[PDB]
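# A closer look at the structure
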Amino acid sequence: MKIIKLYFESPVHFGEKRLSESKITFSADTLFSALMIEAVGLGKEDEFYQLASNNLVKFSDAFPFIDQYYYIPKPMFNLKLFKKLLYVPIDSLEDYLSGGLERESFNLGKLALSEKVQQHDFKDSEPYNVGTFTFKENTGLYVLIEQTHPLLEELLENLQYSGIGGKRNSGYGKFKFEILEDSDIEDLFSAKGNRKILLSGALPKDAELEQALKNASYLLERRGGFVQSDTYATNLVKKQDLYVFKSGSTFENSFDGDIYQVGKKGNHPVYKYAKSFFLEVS
RNA sequence: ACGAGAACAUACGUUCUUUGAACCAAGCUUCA
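Residues numbered from 1 in each chain as written, not as in the entry; some residues may be left out. Chains lettered and ligands numbered in written order. Part of a larger assembly, values for the part shown. Heavy atoms only, no water. Residues with missing side-chain atoms left out of burial classes, pairs and counts.

Method information in the entry identifies cryo-EM as the source of the structure, with 2.97 Å recorded as the resolution.

What follows is the structure, encoded as structure tokens:
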């Protein structure tokens, strides 16, 4: 298991339904879509989808990190006996679970709002506004992968000089990436456990959804939007809405998701990575 | 096949109008 630490050199915009509103981090849907667009840029989207569908690449949602501290979302535990807390460090999960344990503050950056206009010559200009998020100086995001492949690294390097998120051609989203294989996180992931914490925006297939929802504390998340290409349907069109579990969810039974197809009435398919990525705890 | 594509926070706008560096003031005091 390896890491992809994303040190950002620019404001980002990772909107949820907006241009004016943004979140601090992105998801596996967006990174899979970005890598698929970089694959069709260099003609390897048949290879990349065959790698991703056969579980040769498996990446979680991008998660925050401050100095030598990797963070994950606050796992929804259904324990019996920190509402403003949202991110607990991944190494501190055992003694966060063993008792009511806050050691240091969580600061990643702060949100912003860019004020832009759409200038007209002989007409009054149109204001609009882009909500952004600027990271702090020695912070960023990381993505957990395992058994990395040279195609994944080539596509990541091509995505590095293209932009991640929204409004990327208009000033945002540039970053640099690094692998930096760690030893503590891989030992934390290799250990089994009775309860497993989801880490990507997954959705089980229709023959395992009942098995997945047994002793489950989940949160559904609507993950859709408009199709970003040029060869799809000669006008802007919204893909199929897919409701996946949120990345902080916690399950008893394991599952492997699917790369669902959300675009069918077009010249090329549109995919949505809802494969499952788990972390075992006790 | 990234809640995404496209989109200048842009256009018009004199740091400008008043007002004396004036008023007071033996180159003079003792010298065949």
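### With respect to the overall build of chain A
The helix and strand inventory of chain A stands at 6 helices and 15 strands. Over its C-alpha atoms, taken along the principal directions, chain A stretches across nearly 65 × 40 × 35 Å. (Helix = DSSP H or I, 4+ residues; strand = E, 2+ residues; numbered from the N terminus.)

### Topic: the packing of aromatic side chains
Using the criterion set out here, one finds 23 aromatic pairs in the structure. For the ring pair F251 and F255, a centre distance of 5.2 Å and an interplane angle of 90 degrees mean the geometry is edge-to-face. (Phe/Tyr/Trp six-rings, centres within 6.5 Å; stacked < 30°, edge-to-face > 60°.)

### Let's talk about the pairing of strand β3 (residues 69-73)
Of all the 5 residues making up β3, 4 are buried; the element is thus mostly covered by neighbouring parts of the structure. One ladder, built from 2 bridges, connects strand β2 (residues 63-66) with β3; its direction is antiparallel. Of the residues in β3, the one forming a bridge with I66 is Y69. In textbook terms, the turn of a hairpin is the stretch between consecutive antiparallel strands, and for β2 and β3 this stretch comprises 2 residues, one of which, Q68, has a positive phi near 45 degrees. One ladder, built from 3 bridges, connects β3 with strand β4 (residues 87-89); its direction is antiparallel. (Buried < 20%, exposed > 50% of the residue type's maximum accessible area, 1.4 Å probe, protein only. Pairing = 2+ DSSP bridges.)

### Comments concerning the packing of helix α1 (residues 28-41) against helix α2 (residues 45-53)
Their axes nearest at 8 Å, the elements α1 and α2 cross at an angle of 145 degrees. In this structure, α1 contributes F32, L35, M36, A39 and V40 to the contact, and α2 contributes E45, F48, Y49 and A52. Looking at the contact of α1 with α2 residue by residue, the classes come out as 8 nonpolar, no polar and 1 charged. (Axes fitted to C-alpha atoms, helices over the stretch in contact; angles between N-to-C directions. Contact = heavy atoms within 4.5 Å. Nonpolar A, V, L, I, M, F, W, Y, C, P; charged D, E, K, R; others polar.)

### Re the pattern of salt bridges
Working definition: two side chains of opposite charge can pair if their charged atoms are close together. Taken as a whole and judged by the stated rule, the model has 8 salt bridges. A salt bridge links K205 to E208; its shortest N-O distance comes to 3.5 Å. On the accessibility criterion, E208 (15% relative accessible area) is buried. With a closest N to O distance of 3.3 Å, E221 and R223 form a salt bridge. Taking the relative accessible area as the measure of exposure, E221 reaches 27% and is therefore partly exposed. In this structure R223 comes out as buried when scored by relative accessible area, which is 9%. Where salt bridges share partners, they join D29, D61, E221 and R223 into one cluster. (Salt bridge = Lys/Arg side-chain N within 4 Å of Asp/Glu carboxyl O.)

### Observations concerning the sheet that holds strand β9 (residues 195-198)
An order of β12-β9-β15 is seen for the 3 strands of this open sheet, with the pairing classed as antiparallel. The open sheet is flanked by β12 (250-251) and β15 (278-281), the only strands paired with a single partner. As defined by bridge partners, β9 adjoins β15 across 4 bridges and the pair is classed as antiparallel. Counted as the bridge partner of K196 is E280 from β15.

### Observations concerning the protein's contact with RNA strand B
In the vicinity of RNA strand B there are 43 residues, among which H13, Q119, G163, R222 and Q228 approach most closely. Here, RNA strand B places atoms within 4 Å of the protein, and 48% of those atoms are sugar or phosphate. For RNA strand B, a base nitrogen lies 3.2 Å from a polar atom in the side chain of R168. Between RNA strand B and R222 there is a distance of 2.5 Å, counted from a base nitrogen to a side-chain nitrogen or oxygen. Elements represented by at least two residues in the surface near RNA strand B include exactly α1, β5 (109-118), β6 (126-135) and β14 (270-274). (Near = heavy atom within 4 Å. Polar contact = N/O pair within 3.5 Å; in protein donor to acceptor, adjacent residues only side chain to side chain.)

### Some details on the sheet that holds strand β1 (residues 2-8)
Note: strands within a sheet are paired through backbone hydrogen bonds, in either parallel or antiparallel orientation. If you trace the 6 strands from one edge of the open sheet to the other, you get β4-β3-β2-β7-β1-β8, paired in antiparallel fashion. Unpaired on one side and paired on the other, β4 and β8 (175-178) mark the two borders of the sheet. Here the strands of the sheet are splayed against their neighbours by 35 degrees on average, with no regard to which way each runs. In the sheet, β1 pairs with strand β7 (residues 140-145) via 5 bridges, with the strands oriented antiparallel. The residue bridging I4 from the neighbouring strand is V143, located in β7. Where helix α4 (residues 150-160) meets the sheet, its contacts fall on β1, β7 and β8, and the angle it forms with β8 comes to roughly 160 degrees.

### Some words on the environment of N54
Relative to the helices and strands, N54 resides in the loop between α2 and β2. Among the residues examined, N54 registers a relative accessible area of 44% and is labelled partly exposed. Of the polar contacts made by the side chain of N54, one reaches the backbone oxygen of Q50; its length is 2.6 Å.

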